[PDB]
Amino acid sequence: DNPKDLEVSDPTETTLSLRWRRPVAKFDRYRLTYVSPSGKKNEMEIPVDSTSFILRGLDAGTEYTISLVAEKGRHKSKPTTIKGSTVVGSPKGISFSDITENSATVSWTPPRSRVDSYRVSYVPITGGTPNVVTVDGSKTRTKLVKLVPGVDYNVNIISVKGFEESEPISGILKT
């Protein structure tokens, strides 16, 4: 009897949350293998008492073929397979420079993940509707204009690849 309903939840940049149904048959343990697009196969043995396990140490915005199997002794059951891709990576550090009464140069350090663009949003701490500016993936910085003098600005930056958009990083910008 093989593990049924293997599903992946809560995609992270480096993790995937796995959940499945336990086998009706008596068994030893589980063996989880997952290979990357390069064909790198990783194994792990999971306790008979688990129906959930957080997969970790993965790369960002990468798809994985995940397969679970119940090892009954020396007999591995029929493999249960699914695919799960990690979410695209977040930029690593937001920094501000060339501040002024009306403009600032926000810059960020690029992630180790293929990226098409970045969505830089900014709004004053007191609230309002964001002002989003898109900039090409090769670019690592941008200029903000029309900035009101003396006011703290919440500035978020998000990576985008295809339709996938990572977790944002943010910083306060003081005009």
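Heads up: residue numbers just count along the shown sequence, starting at 1.
The PDB entry reports B-factors from which the mean C-alpha value can be compared for 134-142 and 53-61; the larger average falls on 134-142. Mean CA B-factor, 31-39 versus 103-111: the higher value falls on 103-111. Among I66, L147, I46, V123, the highest C-alpha B-factor in the deposited entry belongs to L147. Annotation for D1: CA B-factor lies in the highest third of the chain's modelled residues.
The entry lists a Cα temperature factor for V24 that places it in the middle third of the chain's modelled residues. In this PDB entry, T12 carries a Cα temperature factor that places it within the highest third of its chain's modelled residues. In the deposited entry, the Cα temperature factor of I158 places it in the lowest third of its chain's modelled residues.
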